[PDB]
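Chemist: partial complex follows, first chain(s) only, in situ:
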Amino acid sequence: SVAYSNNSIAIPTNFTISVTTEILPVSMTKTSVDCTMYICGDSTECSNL
């Protein structure tokens, strides 16, 4: 609870230098997928369907 009153003030007389850190993601992994090899494998008949 701060001591409020209509004729009083507070003023700092010293300082401090502080250093903080912030971490941020930017990019993720790049992938690629080939349909037929994943789904149908080497089955020749599967690709026709």
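Modeler: It's in. Numbering: from 1, shown residues only, chains lettered A, B, ... in the order given.

Chemist: now for residue A:40, how many residues are close by?
Modeler: By the other C-beta atoms under 10 Å criterion, the neighbourhood of residue A:40 contains 14 residues. For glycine as for every other residue, the C-beta is placed from the backbone atoms N, C-alpha and C.

Chemist: tell me the centre residue of chain A?
Modeler: residue A:25 (4.2 Å; C-alpha atoms, centre = their mean).

Chemist: now do the same contact list for that one.
Modeler: When the contact criterion is C-beta atoms under 8 Å, 6 or more residues apart in numbering, residue A:25 has no partners at all.

Chemist: so how far is residue A:13 from residue A:5?
Modeler: Residue A:5 sits at a distance of 20 Å from residue A:13 (criterion: C-beta to C-beta, to the nearest Å).

Chemist: residue A:1 - how many residues pack around it?
Modeler: Quick note: residue A:1 (other C-beta under 10 Å) scores 3 neighbours.

Chemist: end to end on stretch A:6-26, go ahead and measure it.
Modeler: End-to-end distance of stretch A:6-26: 50 Å, with C-alpha to C-alpha, to the nearest Å as the criterion.

Chemist: tell me the spacing between the residue nearest to the centre of chain A and residue A:35.
Modeler: With distances taken as C-beta to C-beta, residue A:25 is found 30 Å from residue A:35.

Chemist: again with residue A:3
Modeler: Following C-beta to C-beta, the distance that separates residue A:3 from residue A:35 is 72 Å.

Chemist: can you slot in chain B too:
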Amino acid sequence: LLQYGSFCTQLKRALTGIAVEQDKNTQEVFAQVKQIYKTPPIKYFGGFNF
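Modeler: Putting chain B onto the chains we already have gives this:
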């Protein structure tokens, strides 16, 4: 149903992530200060009525 795969684990994980994010949103918006300040007993601020 056990023959269809592991869709249920994914569903549960997604819902849990949404819920945790919902809590974090309110925490980030409102929990700014570290002290619980209290207003003085006498409410006279130079004519302004709060």
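
Chemist: now that chain B has been added, could you go back to the neighbour count of residue A:1?
Modeler: Summarising burial for residue A:1: neighbours were counted as other C-beta atoms under 10 Å in any protein chain shown, giving 10.

Chemist: before we move on, what about residue B:48?
Modeler: By the other C-beta under 10 Å criterion, the neighbourhood of residue B:48 contains 7 residues.

Chemist: got a list of what it touches?
Modeler: Residue B:48 sits next to no residue when contact means C-beta atoms under 8 Å, 6 or more residues apart in numbering or on different chains.

Chemist: beta partners of it?
Modeler: The residues listed as beta-bridge partners of residue B:48 by DSSP bridges are residue B:45.

Chemist: what's the residue of chain A most remote from its centre in contact with, if anything?
Modeler: Most distant residue from the mean C-alpha position of chain A: residue A:7, 47.3 Å away (C-alpha atoms, centre = their mean). Neighbouring residues of residue A:7 by C-beta under 8 Å, 6+ apart: there are none.

Chemist: sorry, back to before: any idea how far the residue nearest to the centre of chain A is from chain B?
Modeler: In this structure, residue A:25 lies at 16 Å from chain B, with C-beta to the nearest C-beta, to the nearest Å as the measure.

Chemist: quick one, phi/psi of that residue?
Modeler: In this entry, residue A:25 is assigned phi and psi values of phi -70, psi 150 (degrees, to the nearest 10).

Chemist: can you check residue A:18 too?
Modeler: Dihedral angles of residue A:18 (phi, psi; degrees, to the nearest 10) stand at phi -120, psi 150.

Chemist: tack on chain C:
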Amino acid sequence: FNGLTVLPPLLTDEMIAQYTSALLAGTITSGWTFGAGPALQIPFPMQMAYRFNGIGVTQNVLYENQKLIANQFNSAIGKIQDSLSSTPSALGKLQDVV
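Modeler: Chain C, in position alongside the others:
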């Protein structure tokens, strides 16, 4: 309900109200100092003079028209409750989520 449940939020409404009250007390009694470190006292008219001085208007403008500014602020605050009550869709954004 068939396997569907609703979980309660972590913070109750009373806790949110306490946060809001803390923010209001800090801004009324200190100004912008409590957001950057320890809170420092200052009389409210002096804070308002500081805030006028931050938009290009000198302090004597505030100090010589204190009562008029206070009356205008009081009327403006008073009108808000009626404005919120009258307009039906003033709170549509919050209702859409539900």
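
Chemist: take the contacts of residue A:7 again, chain C included.
Modeler: Residue A:7 makes contacts with residue C:43, as judged by C-beta under 8 Å, 6+ apart.

Chemist: and the gap between the residue nearest to the centre of chain A and chain C?
Modeler: Counting by C-beta to the nearest C-beta, the separation of residue A:25 from chain C is 25 Å.

Chemist: tell me which element the spatially most central residue of chain B is part of?
Modeler: If you average the C-alpha coordinates of chain B and look for the closest C-alpha using C-alpha atoms, centre = their mean, you land on residue B:26, 2.1 Å from that point. Residue B:26 is located in helix B:7-30, with elements delineated by DSSP states H and E.

Chemist: quick check: residue B:50 touching residue C:27?
Modeler: No. Contact status for residue B:50 versus residue C:27: not in contact, 10.5 Å apart, counting by C-beta atoms under 8 Å.

Chemist: pull the number of nearby residues for the spatially closest residue to residue B:27 that is not a sequence neighbour.
Modeler: Take residue B:27 and drop its neighbours on the chain: the residue closest to it by C-beta to C-beta, 6 or more residues apart in numbering or on different chains is residue C:11, 7.5 Å away. Neighbour count for residue C:11, taken as other C-beta under 10 Å: 15.

Chemist: near chain A, which residues of chain B show up?
Modeler: Taking C-beta under 8 Å from any C-beta of the partner chain as the measure of proximity, chain B contacts chain A at B:37, B:38, B:40, B:44, B:46.

Chemist: run the last query once more with 6 Å
Modeler: B:38, B:40 (C-beta under 6 Å from any C-beta of the partner chain).
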